[PDB]
$ cat protein-v3.csv   # CSV, C-alpha atoms
chain,number,residue,atom,x,y,z
A,392,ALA,CA,69.9,-14.9,-7.3
A,393,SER,CA,71.7,-12.1,-5.4
A,394,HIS,CA,68.5,-10.5,-4.0
A,395,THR,CA,65.6,-11.2,-1.6
A,396,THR,CA,62.0,-11.9,-2.4
A,397,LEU,CA,59.1,-9.5,-2.5
A,398,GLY,CA,56.1,-9.2,-0.2
A,399,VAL,CA,52.4,-8.6,-0.7
A,400,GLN,CA,52.7,-4.8,-0.3
A,401,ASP,CA,55.4,-4.5,-3.1
A,402,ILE,CA,53.3,-3.4,-6.0
A,403,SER,CA,53.7,-0.8,-8.7
A,404,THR,CA,52.5,2.8,-8.3
A,405,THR,CA,50.0,2.5,-11.2
A,406,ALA,CA,48.3,-0.5,-9.7
A,407,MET,CA,48.0,1.3,-6.3
A,408,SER,CA,46.3,4.3,-8.0
A,409,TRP,CA,43.7,2.2,-9.7
A,410,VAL,CA,42.9,0.4,-6.3
A,411,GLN,CA,42.2,3.7,-4.5
A,412,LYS,CA,39.8,5.0,-7.3
A,413,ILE,CA,37.6,1.8,-7.3
A,414,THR,CA,37.4,1.5,-3.5
A,415,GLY,CA,36.5,5.2,-3.0
A,416,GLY,CA,33.7,5.1,-5.6
A,417,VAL,CA,31.9,2.2,-3.8
A,418,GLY,CA,32.4,3.7,-0.4
A,419,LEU,CA,30.8,7.0,-1.4
A,420,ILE,CA,27.5,5.5,-2.6
A,421,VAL,CA,27.2,3.7,0.8
A,422,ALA,CA,27.7,6.9,2.8
A,423,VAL,CA,25.0,8.8,0.8
A,424,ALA,CA,22.4,6.0,1.3
A,425,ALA,CA,23.1,6.0,5.1
A,426,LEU,CA,22.6,9.8,5.4
A,427,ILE,CA,19.2,9.6,3.7
A,428,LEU,CA,17.9,7.0,6.2
A,429,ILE,CA,19.1,8.9,9.3
A,430,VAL,CA,17.2,12.1,8.4
A,431,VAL,CA,14.0,10.2,7.6
A,432,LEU,CA,14.1,8.1,10.8
A,433,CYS,CA,14.8,11.1,13.0
A,434,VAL,CA,12.0,13.3,11.6
A,435,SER,CA,9.4,10.6,11.8
A,436,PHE,CA,10.3,9.9,15.4
A,437,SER,CA,10.2,13.6,16.3
A,438,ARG,CA,7.2,14.5,14.3
A,439,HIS,CA,5.0,12.2,16.3
B,372,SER,CA,37.6,-13.7,-6.7
B,373,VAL,CA,37.1,-12.7,-3.0
B,374,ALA,CA,37.4,-8.9,-3.7
B,375,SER,CA,34.7,-9.0,-6.3
B,376,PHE,CA,32.2,-10.7,-4.0
B,377,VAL,CA,32.7,-8.2,-1.2
B,378,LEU,CA,32.3,-5.2,-3.4
B,379,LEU,CA,29.0,-6.6,-4.8
B,380,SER,CA,27.7,-7.0,-1.3
B,381,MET,CA,28.4,-3.4,-0.5
B,382,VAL,CA,26.4,-2.0,-3.5
B,383,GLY,CA,23.4,-4.3,-2.8
B,384,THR,CA,23.1,-3.1,0.8
B,385,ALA,CA,22.9,0.6,-0.3
B,386,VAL,CA,19.9,-0.3,-2.5
B,387,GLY,CA,18.1,-2.1,0.4
B,388,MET,CA,18.5,0.9,2.7
B,389,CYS,CA,16.8,3.2,0.1
B,390,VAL,CA,13.8,1.0,-0.2
B,391,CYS,CA,13.3,0.9,3.6
B,392,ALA,CA,13.4,4.7,3.9
B,393,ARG,CA,10.9,5.1,1.1
B,394,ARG,CA,8.2,2.9,2.6
B,395,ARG,CA,8.3,4.4,6.1
B,396,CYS,CA,8.5,7.9,4.6
B,397,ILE,CA,5.3,7.8,2.5
B,398,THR,CA,3.1,5.4,4.5
B,399,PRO,CA,1.3,8.1,6.6
B,400,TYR,CA,-0.3,9.6,3.5
B,401,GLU,CA,-2.1,6.3,2.5
B,402,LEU,CA,-4.2,6.1,5.7
B,403,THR,CA,-5.8,9.6,5.8
B,404,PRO,CA,-9.3,9.8,4.2
B,405,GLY,CA,-9.2,12.3,1.4
B,406,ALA,CA,-5.5,13.1,1.7
B,407,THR,CA,-3.3,13.9,-1.4
B,408,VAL,CA,0.4,13.3,-1.5
B,409,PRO,CA,2.3,16.6,-2.1
B,410,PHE,CA,3.9,17.0,-5.5
B,411,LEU,CA,7.5,16.7,-4.2
B,412,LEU,CA,6.9,13.4,-2.3
B,413,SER,CA,4.8,11.9,-5.1
B,414,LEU,CA,7.3,12.4,-7.9
B,415,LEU,CA,10.8,13.2,-6.6
B,416,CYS,CA,11.3,11.8,-3.1
B,417,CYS,CA,10.0,8.6,-1.4
B,418,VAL,CA,8.4,7.9,-4.8
C,111,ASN,CA,-26.9,1.9,10.8
C,112,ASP,CA,-25.5,0.6,7.5
C,113,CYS,CA,-22.0,2.1,7.8
C,114,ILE,CA,-21.1,-0.2,10.7
C,115,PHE,CA,-20.1,-3.9,10.1
C,116,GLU,CA,-19.4,-6.5,12.7
C,117,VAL,CA,-16.1,-8.3,13.3
C,118,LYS,CA,-16.4,-11.9,14.5
C,119,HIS,CA,-14.0,-14.6,15.5
C,120,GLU,CA,-15.1,-18.2,16.1
C,121,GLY,CA,-18.7,-17.0,16.7
C,122,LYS,CA,-17.8,-14.2,19.2
C,123,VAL,CA,-17.9,-10.5,18.5
C,124,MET,CA,-14.5,-8.8,19.0
C,125,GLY,CA,-15.1,-5.4,17.5
C,126,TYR,CA,-16.3,-3.3,14.5
C,127,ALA,CA,-15.1,-2.0,11.2
C,128,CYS,CA,-16.2,1.5,9.9
C,129,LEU,CA,-16.7,2.5,6.3
C,130,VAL,CA,-15.8,6.2,6.0
C,131,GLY,CA,-15.3,8.3,2.9
C,132,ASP,CA,-13.4,6.3,0.3
C,133,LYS,CA,-11.5,4.0,2.8
C,134,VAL,CA,-12.4,1.1,5.0
C,135,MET,CA,-10.6,1.3,8.4
C,136,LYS,CA,-10.2,-1.4,11.1
C,137,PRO,CA,-8.1,-1.3,14.3
C,138,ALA,CA,-5.0,-3.5,14.1
C,139,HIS,CA,-5.1,-5.0,17.5
C,140,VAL,CA,-8.6,-6.6,17.1
C,141,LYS,CA,-8.7,-10.2,16.0
C,142,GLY,CA,-11.3,-11.8,13.7
C,143,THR,CA,-12.7,-11.5,10.2
C,144,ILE,CA,-15.2,-9.2,8.4
C,145,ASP,CA,-18.8,-10.3,8.3
C,146,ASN,CA,-19.4,-8.8,4.8
C,147,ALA,CA,-18.4,-11.4,2.2
C,148,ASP,CA,-17.2,-8.8,-0.3
C,149,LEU,CA,-15.0,-6.8,2.1
C,150,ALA,CA,-13.4,-10.0,3.4
C,151,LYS,CA,-11.7,-10.4,0.0
C,152,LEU,CA,-9.8,-7.1,0.0
C,153,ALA,CA,-6.1,-6.8,0.7
C,154,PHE,CA,-5.1,-4.5,3.6
C,155,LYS,CA,-2.0,-2.6,4.6
C,156,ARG,CA,-0.8,-2.5,8.2
C,157,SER,CA,1.0,0.2,10.3
C,158,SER,CA,2.0,-0.5,13.8
C,159,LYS,CA,2.7,3.2,14.6
C,160,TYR,CA,-1.0,4.1,14.6
C,161,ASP,CA,-2.6,0.6,15.1
C,162,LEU,CA,-4.5,1.0,11.8
C,163,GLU,CA,-5.3,-1.2,8.8
C,164,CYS,CA,-7.0,0.2,5.7
C,165,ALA,CA,-8.1,-0.7,2.2
C,166,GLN,CA,-9.9,0.9,-0.7
C,167,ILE,CA,-13.7,0.8,-0.8
C,168,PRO,CA,-15.2,-1.0,-3.8
C,169,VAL,CA,-17.3,1.0,-6.2
C,170,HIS,CA,-20.7,-0.7,-5.6
C,171,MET,CA,-20.6,0.2,-1.9
C,172,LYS,CA,-19.7,3.9,-2.3
C,173,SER,CA,-23.3,5.1,-1.7
C,174,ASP,CA,-23.1,4.0,2.0
C,175,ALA,CA,-20.1,6.2,2.9
C,176,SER,CA,-20.5,8.7,5.8
C,177,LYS,CA,-19.2,12.3,5.7
C,178,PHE,CA,-16.3,13.7,7.8
C,179,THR,CA,-14.7,16.9,8.9
C,180,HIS,CA,-11.5,18.1,10.6
C,181,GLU,CA,-12.9,21.1,12.7
C,182,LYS,CA,-13.2,20.3,16.4
C,183,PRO,CA,-14.6,23.2,18.5
C,184,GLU,CA,-15.1,22.9,22.2
C,185,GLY,CA,-18.6,21.6,23.1
C,186,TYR,CA,-20.6,18.4,23.3
C,187,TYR,CA,-20.7,15.4,21.0
C,188,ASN,CA,-22.8,12.3,20.8
C,189,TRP,CA,-22.1,8.6,20.5
C,190,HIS,CA,-23.9,5.2,20.8
C,191,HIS,CA,-23.9,5.0,24.6
C,192,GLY,CA,-24.7,8.6,25.3
C,193,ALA,CA,-23.1,12.1,25.4
C,194,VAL,CA,-19.4,12.9,25.4
C,195,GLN,CA,-17.8,16.2,26.4
C,196,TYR,CA,-14.7,17.5,24.6
C,197,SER,CA,-12.6,20.2,26.3
C,198,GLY,CA,-8.9,20.7,27.0
C,199,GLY,CA,-7.8,18.2,24.4
C,200,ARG,CA,-9.5,15.2,26.0
C,201,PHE,CA,-12.7,13.4,25.5
C,202,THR,CA,-14.7,12.9,28.8
C,203,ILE,CA,-17.1,10.0,29.4
C,204,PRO,CA,-19.1,9.6,32.6
C,205,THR,CA,-17.6,6.7,34.7
C,206,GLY,CA,-19.0,3.3,34.1
C,207,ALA,CA,-20.2,3.9,30.5
C,208,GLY,CA,-18.3,1.5,28.2
C,209,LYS,CA,-16.6,-1.8,28.7
C,210,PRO,CA,-14.0,-3.9,27.0
C,211,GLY,CA,-15.2,-5.5,23.7
C,212,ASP,CA,-16.9,-2.3,22.5
C,213,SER,CA,-14.0,-0.8,20.5
C,214,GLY,CA,-14.3,0.6,17.0
C,215,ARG,CA,-17.2,2.9,17.5
C,216,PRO,CA,-17.2,6.3,15.7
C,217,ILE,CA,-17.9,9.7,17.3
C,218,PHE,CA,-20.3,11.9,15.5
C,219,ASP,CA,-20.6,15.7,15.3
C,220,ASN,CA,-23.8,17.7,15.7
C,221,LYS,CA,-24.5,17.2,12.0
C,222,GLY,CA,-23.6,13.5,12.0
C,223,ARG,CA,-20.1,13.8,10.6
C,224,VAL,CA,-17.2,11.5,11.6
C,225,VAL,CA,-14.5,13.1,13.7
C,226,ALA,CA,-12.7,10.2,15.6
C,227,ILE,CA,-12.5,6.5,16.4
C,228,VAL,CA,-12.0,5.4,20.1
C,229,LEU,CA,-9.6,2.5,20.8
C,230,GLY,CA,-9.3,2.1,24.6
C,231,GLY,CA,-9.4,4.4,27.5
C,232,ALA,CA,-8.3,5.2,31.0
C,233,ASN,CA,-10.0,4.6,34.4
C,234,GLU,CA,-10.6,7.5,36.8
C,235,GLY,CA,-13.1,8.1,39.6
C,236,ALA,CA,-15.8,10.6,38.5
C,237,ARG,CA,-14.9,10.9,34.8
C,238,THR,CA,-12.8,8.8,32.4
C,239,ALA,CA,-10.5,9.7,29.6
C,240,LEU,CA,-10.3,8.0,26.2
C,241,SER,CA,-7.5,7.1,23.8
C,242,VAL,CA,-8.5,8.2,20.4
C,243,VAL,CA,-7.2,8.2,16.8
C,244,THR,CA,-8.0,11.5,15.0
C,245,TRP,CA,-6.7,13.5,12.1
C,246,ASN,CA,-5.8,16.9,10.7
C,247,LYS,CA,-5.2,18.4,7.3
C,248,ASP,CA,-3.0,15.9,5.4
C,249,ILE,CA,-1.9,14.0,8.5
C,250,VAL,CA,-2.9,11.4,11.0
C,251,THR,CA,-2.2,11.6,14.8
C,252,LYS,CA,-2.8,9.5,17.9
C,253,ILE,CA,-3.7,10.6,21.4
C,254,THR,CA,-3.2,8.4,24.4
C,255,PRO,CA,-3.7,9.6,28.0
C,256,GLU,CA,-1.6,8.4,30.9
C,257,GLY,CA,-2.8,5.1,32.2
C,258,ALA,CA,-5.1,4.2,29.3
C,259,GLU,CA,-5.8,0.5,28.7
C,260,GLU,CA,-7.0,-1.3,25.6
C,261,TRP,CA,-10.7,-2.2,25.3
$ encode --input "protein-v3.csv" --output "structure tokens"
Amino acid sequence: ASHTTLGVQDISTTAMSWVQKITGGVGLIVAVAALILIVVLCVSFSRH
Amino acid sequence: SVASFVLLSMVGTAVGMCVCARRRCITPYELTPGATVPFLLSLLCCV
Amino acid sequence: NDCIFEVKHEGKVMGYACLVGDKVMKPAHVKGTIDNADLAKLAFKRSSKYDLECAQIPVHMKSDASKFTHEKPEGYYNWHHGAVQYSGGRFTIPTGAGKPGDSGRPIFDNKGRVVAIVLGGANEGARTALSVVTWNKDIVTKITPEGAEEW
């Protein structure tokens, strides 16, 4: 061959788009659950 | 194979946090004699 | 007379349980078991924030329940060992009345209604202050004076 090899980052644009969508979805549901806990814990502490 | 495992761990954690908040949220109402849980807490939040 | 049950451990009396309204309540820090054979079979829930454990009263004992209120005017109240004066948000007991091992006794109003349970107290010269668990409409709250010790 007349060319060099490819690396781990050298992927198609369509594959990259799918990766971002799946990762973002899971991350969102974690953030929402965390926010619920913080308000409940703070109010219970302060209410006492 | 590895990516699937890690993503499954993230979802399960979110469920566990919700259960912890619910129990600590509601508990005060079960100790008071004659108390009634307000409609909103009974049905919609901290169910 | 009938609303008070003994709590015993290895033959020694550690404290008391009180049957009020529709719930049976026992302080969390007291060790031992319940003398009543039927009550000993119930499941209880624990909360470390208020040092309380509670369960539902079975139907056949409902006729023994005491009455309760939430109104707490300034004035005088009675208990097993004498009078108590309530003023300024604190319950005042003459010094020397009460010793460790006598926790779990209710305080009664003029008409005999339950208003509070005492779980420990502080030591001061002429008069002592108590640490009490009381309630309000739809909530429960705990009051502990500075320097209070468990009884």
$ closest_atom_pairs --input "protein-v3.csv" --of "chain C" --to "chain B" --cutoff "9 Å" --atoms "only C-alpha atoms" --output "JSON lines"
{"residue": "C:130", "atom": "CA", "partner": "B:404", "partner_atom": "CA", "distance": 7.6}
{"residue": "C:131", "atom": "CA", "partner": "B:404", "partner_atom": "CA", "distance": 6.3}
{"residue": "C:132", "atom": "CA", "partner": "B:404", "partner_atom": "CA", "distance": 6.7}
{"residue": "C:133", "atom": "CA", "partner": "B:404", "partner_atom": "CA", "distance": 6.4}
{"residue": "C:135", "atom": "CA", "partner": "B:402", "partner_atom": "CA", "distance": 8.4}
{"residue": "C:157", "atom": "CA", "partner": "B:398", "partner_atom": "CA", "distance": 8.1}
{"residue": "C:162", "atom": "CA", "partner": "B:402", "partner_atom": "CA", "distance": 8.0}
{"residue": "C:163", "atom": "CA", "partner": "B:402", "partner_atom": "CA", "distance": 8.0}
{"residue": "C:164", "atom": "CA", "partner": "B:402", "partner_atom": "CA", "distance": 6.5}
{"residue": "C:165", "atom": "CA", "partner": "B:402", "partner_atom": "CA", "distance": 8.6}
{"residue": "C:178", "atom": "CA", "partner": "B:404", "partner_atom": "CA", "distance": 8.8}
{"residue": "C:245", "atom": "CA", "partner": "B:403", "partner_atom": "CA", "distance": 7.5}
{"residue": "C:246", "atom": "CA", "partner": "B:403", "partner_atom": "CA", "distance": 8.8}
{"residue": "C:247", "atom": "CA", "partner": "B:406", "partner_atom": "CA", "distance": 7.7}
{"residue": "C:248", "atom": "CA", "partner": "B:406", "partner_atom": "CA", "distance": 5.3}
{"residue": "C:249", "atom": "CA", "partner": "B:403", "partner_atom": "CA", "distance": 6.5}
{"residue": "C:250", "atom": "CA", "partner": "B:403", "partner_atom": "CA", "distance": 6.2}
$ write_last_selection --input "protein-v3.csv" --atoms "C-alpha atoms" --output "PDB file, in the frame of the given file"
ATOM      1  CA  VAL C 130     -15.800   6.200   6.000  1.00  0.00           C
ATOM      2  CA  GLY C 131     -15.300   8.300   2.900  1.00  0.00           C
ATOM      3  CA  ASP C 132     -13.400   6.300   0.300  1.00  0.00           C
ATOM      4  CA  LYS C 133     -11.500   4.000   2.800  1.00  0.00           C
ATOM      5  CA  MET C 135     -10.600   1.300   8.400  1.00  0.00           C
ATOM      6  CA  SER C 157       1.000   0.200  10.300  1.00  0.00           C
ATOM      7  CA  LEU C 162      -4.500   1.000  11.800  1.00  0.00           C
ATOM      8  CA  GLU C 163      -5.300  -1.200   8.800  1.00  0.00           C
ATOM      9  CA  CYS C 164      -7.000   0.200   5.700  1.00  0.00           C
ATOM     10  CA  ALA C 165      -8.100  -0.700   2.200  1.00  0.00           C
ATOM     11  CA  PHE C 178     -16.300  13.700   7.800  1.00  0.00           C
ATOM     12  CA  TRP C 245      -6.700  13.500  12.100  1.00  0.00           C
ATOM     13  CA  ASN C 246      -5.800  16.900  10.700  1.00  0.00           C
ATOM     14  CA  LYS C 247      -5.200  18.400   7.300  1.00  0.00           C
ATOM     15  CA  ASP C 248      -3.000  15.900   5.400  1.00  0.00           C
ATOM     16  CA  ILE C 249      -1.900  14.000   8.500  1.00  0.00           C
ATOM     17  CA  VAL C 250      -2.900  11.400  11.000  1.00  0.00           C
TER      18      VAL C 250
END
$ atom_distance --input "protein-v3.csv" --atom1 "CA of residue 237 in chain C" --atom2 "CA of residue 208 in chain C"
12.0 Å
$ atom_distance --input "protein-v3.csv" --atom1 "CA of residue 122 in chain C" --atom2 "CA of residue 156 in chain C"
23.4 Å
$ closest_atom_pairs --input "protein-v3.csv" --of "chain A" --to "chain B" --cutoff "12 Å" --atoms "only C-alpha atoms" --output "Markdown table"
| residue | atom | partner | partner_atom | distance |
| --- | --- | --- | --- | --- |
| A:410 | CA | B:374 | CA | 11.1 |
| A:413 | CA | B:378 | CA | 9.6 |
| A:414 | CA | B:378 | CA | 8.4 |
| A:415 | CA | B:378 | CA | 11.2 |
| A:416 | CA | B:382 | CA | 10.4 |
| A:417 | CA | B:382 | CA | 6.9 |
| A:418 | CA | B:381 | CA | 8.1 |
| A:419 | CA | B:385 | CA | 10.2 |
| A:420 | CA | B:385 | CA | 7.1 |
| A:421 | CA | B:385 | CA | 5.4 |
| A:422 | CA | B:385 | CA | 8.5 |
| A:423 | CA | B:385 | CA | 8.5 |
| A:424 | CA | B:385 | CA | 5.7 |
| A:425 | CA | B:388 | CA | 7.3 |
| A:426 | CA | B:388 | CA | 10.2 |
| A:427 | CA | B:392 | CA | 7.6 |
| A:428 | CA | B:392 | CA | 5.6 |
| A:429 | CA | B:392 | CA | 8.9 |
| A:430 | CA | B:392 | CA | 9.5 |
| A:431 | CA | B:392 | CA | 6.7 |
| A:432 | CA | B:392 | CA | 7.7 |
| A:433 | CA | B:396 | CA | 11.0 |
| A:434 | CA | B:396 | CA | 9.5 |
| A:435 | CA | B:396 | CA | 7.7 |
| A:436 | CA | B:395 | CA | 11.0 |
| A:438 | CA | B:399 | CA | 11.6 |
| A:439 | CA | B:399 | CA | 11.2 |
$ residues_near_point --input "protein-v3.csv" --point "(-17.1, 4.1, -5.2)" --cutoff "12 Å" --atoms "only C-alpha atoms" --output "ChimeraX atom specification"
/C:129-134,166-175
$ write_last_selection --input "protein-v3.csv" --atoms "C-alpha atoms" --output "short mmCIF file (atom, residue, chain, number, x, y, z; two decimals), in the frame of the given file"
data_model
loop_
_atom_site.label_atom_id
_atom_site.label_comp_id
_atom_site.auth_asym_id
_atom_site.auth_seq_id
_atom_site.Cartn_x
_atom_site.Cartn_y
_atom_site.Cartn_z
CA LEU C 129 -16.70 2.50 6.30
CA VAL C 130 -15.80 6.20 6.00
CA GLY C 131 -15.30 8.30 2.90
CA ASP C 132 -13.40 6.30 0.30
CA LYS C 133 -11.50 4.00 2.80
CA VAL C 134 -12.40 1.10 5.00
CA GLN C 166 -9.90 0.90 -0.70
CA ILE C 167 -13.70 0.80 -0.80
CA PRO C 168 -15.20 -1.00 -3.80
CA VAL C 169 -17.30 1.00 -6.20
CA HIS C 170 -20.70 -0.70 -5.60
CA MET C 171 -20.60 0.20 -1.90
CA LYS C 172 -19.70 3.90 -2.30
CA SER C 173 -23.30 5.10 -1.70
CA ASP C 174 -23.10 4.00 2.00
CA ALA C 175 -20.10 6.20 2.90
#
$ interface_residues --input "protein-v3.csv" --of "chain C" --to "chain A" --cutoff "12 Å" --atoms "only C-alpha atoms" --output "list in words"
residues 159, 160, 249, 250, 251, 252 and 253 of chain C
$ atom_distance --input "protein-v3.csv" --atom1 "CA of residue 180 in chain C" --atom2 "CA of residue 238 in chain C"
23.7 Å
$ build_atoms --input "protein-v3.csv" --residues "range 170-183 of chain C" --atoms "N, CA, C and O atoms" --output "compact mmCIF listing (two decimals), in the coordinates of the input"
# COMPACT_ATOMS: atom_id res chain seq x y z
N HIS C 170 -19.23 -0.45 -5.81
CA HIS C 170 -20.70 -0.70 -5.60
C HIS C 170 -21.13 -0.45 -4.17
O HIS C 170 -22.34 -0.50 -3.94
N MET C 171 -20.23 -0.17 -3.23
CA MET C 171 -20.60 0.20 -1.90
C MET C 171 -20.45 1.69 -1.58
O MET C 171 -20.66 2.10 -0.43
N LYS C 172 -20.06 2.49 -2.57
CA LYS C 172 -19.70 3.90 -2.30
C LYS C 172 -20.89 4.69 -1.75
O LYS C 172 -20.68 5.66 -1.01
N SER C 173 -22.13 4.31 -2.09
CA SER C 173 -23.30 5.10 -1.70
C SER C 173 -23.55 5.05 -0.17
O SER C 173 -24.35 5.85 0.32
N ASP C 174 -22.89 4.15 0.56
CA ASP C 174 -23.10 4.00 2.00
C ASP C 174 -22.13 4.87 2.83
O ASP C 174 -22.26 4.90 4.06
N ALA C 175 -21.17 5.54 2.20
CA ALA C 175 -20.10 6.20 2.90
C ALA C 175 -20.67 7.43 3.73
O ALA C 175 -21.52 8.18 3.25
N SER C 176 -20.16 7.59 4.95
CA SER C 176 -20.50 8.70 5.80
C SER C 176 -19.55 9.91 5.47
O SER C 176 -18.52 9.77 4.80
N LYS C 177 -19.96 11.09 5.93
CA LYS C 177 -19.20 12.30 5.70
C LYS C 177 -18.29 12.57 6.94
O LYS C 177 -18.50 12.03 8.03
N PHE C 178 -17.28 13.41 6.74
CA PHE C 178 -16.30 13.70 7.80
C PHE C 178 -15.84 15.13 7.69
O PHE C 178 -15.96 15.78 6.65
N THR C 179 -15.28 15.62 8.80
CA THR C 179 -14.70 16.90 8.90
C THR C 179 -13.38 16.86 9.65
O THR C 179 -12.98 15.79 10.12
N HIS C 180 -12.70 18.00 9.78
CA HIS C 180 -11.50 18.10 10.60
C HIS C 180 -11.67 19.18 11.72
O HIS C 180 -10.80 19.26 12.60
N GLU C 181 -12.71 20.00 11.68
CA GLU C 181 -12.90 21.10 12.70
C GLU C 181 -13.43 20.47 13.96
O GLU C 181 -14.35 19.65 13.94
N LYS C 182 -12.85 20.89 15.09
CA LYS C 182 -13.20 20.30 16.40
C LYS C 182 -13.28 21.39 17.45
O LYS C 182 -12.39 21.58 18.28
N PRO C 183 -14.39 22.13 17.45
CA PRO C 183 -14.60 23.20 18.50
C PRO C 183 -14.94 22.52 19.82
O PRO C 183 -15.41 21.39 19.91
